[PDB]
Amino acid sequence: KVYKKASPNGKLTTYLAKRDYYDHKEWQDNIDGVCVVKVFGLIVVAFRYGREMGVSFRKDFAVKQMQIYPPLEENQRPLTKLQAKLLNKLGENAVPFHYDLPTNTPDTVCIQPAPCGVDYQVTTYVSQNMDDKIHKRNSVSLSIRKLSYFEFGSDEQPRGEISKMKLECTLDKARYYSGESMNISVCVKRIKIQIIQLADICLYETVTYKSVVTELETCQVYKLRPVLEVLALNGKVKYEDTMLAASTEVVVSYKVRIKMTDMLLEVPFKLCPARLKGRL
């Protein structure tokens, strides 16, 4: 793909590699696009909690901030190939920009309804100062999605033992990627298997939402799909790509809860985003 938005004024279009940029801890999908006309750029990070008689809390702040044009030789950086190819599809009045992906800011997250979440945007604008007013005509804004792809780190095999009758319950796979299924060897009337998402908002009001993803009621072994076609989301609900919002490293986490009629057992496991084939 190519990710393009033009301005309401028309006088500048911005192009982006893709829309979802993943932090890998040791390196990250930085932002290497091209601008076409001074001209400035930044990344807004939005924190919203509630909508406009409870509690509205909106907080925006600019994290990277940049003169794009003319390219100051300090911010000058290696041109990506996509940048290299785009700069040939268009004129010499096309300028390549780059932003370091902003790690040590929180992953995109969007709790549906207290509505709540974190958002990201690339914004490039004309001005005669970096802290001058950012109007709507000379601005462009493209929503991006910033996510954390943290794989390395084992301590594998979820399992919880307990004994009033003894109950050892192991789980297939220690981390699971969005889309994957869950198996649960309950090697001990009823059995209740529950995947709960915890989301702890700390956006002013400090709230803890516990939320039931999937469940069955019926040595034995049972299966569950910790997916969304079956809540903290990695995205806005209008995007059919939006999935469940993946264990933080808003704080999201997951846990299995086995109740047998009463013996009781709650077992953690990490949830990573949906495995890709476009790493670096």
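Note that residue numbering follows the sequence shown and begins at 1.
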Between residue 218 and residue 219, how many residues of the deposited sequence have no coordinates in this entry: none, 1 to 3, 4 to 9, or 10 or more?
10 or more
Could you settle it for me: does 155 to 163 or 190 to 198 have the higher average Cα B factor in the PDB entry?
155 to 163
Given 231 to 239 and 22 to 30, the range whose Cα B-factors average higher in the PDB entry:
22 to 30
If you check the C-alpha B-factor for each of 256, 271, 12, 17 in the entry, which is highest?
12
Among 46, 35, 213, 42, where is the Cα temperature factor highest, going by the PDB entry?
35
Would the CA B-factor of residue 106 place it in the lowest, middle or highest third of its chain?
lowest
Check where residue 58 lands among this chain's C-alpha B-factors and tell me if it's the lowest, middle or highest third.
lowest
Among modelled residues of the same chain, the CA temperature factor third for residue 275:
lowest
Chain third (lowest, middle, highest) by recorded CA B-factor, residue given as residue 184
middle
Place residue 133 in the lowest, middle or highest third of its chain's C-alpha B-factors, as listed in the PDB entry.
highest
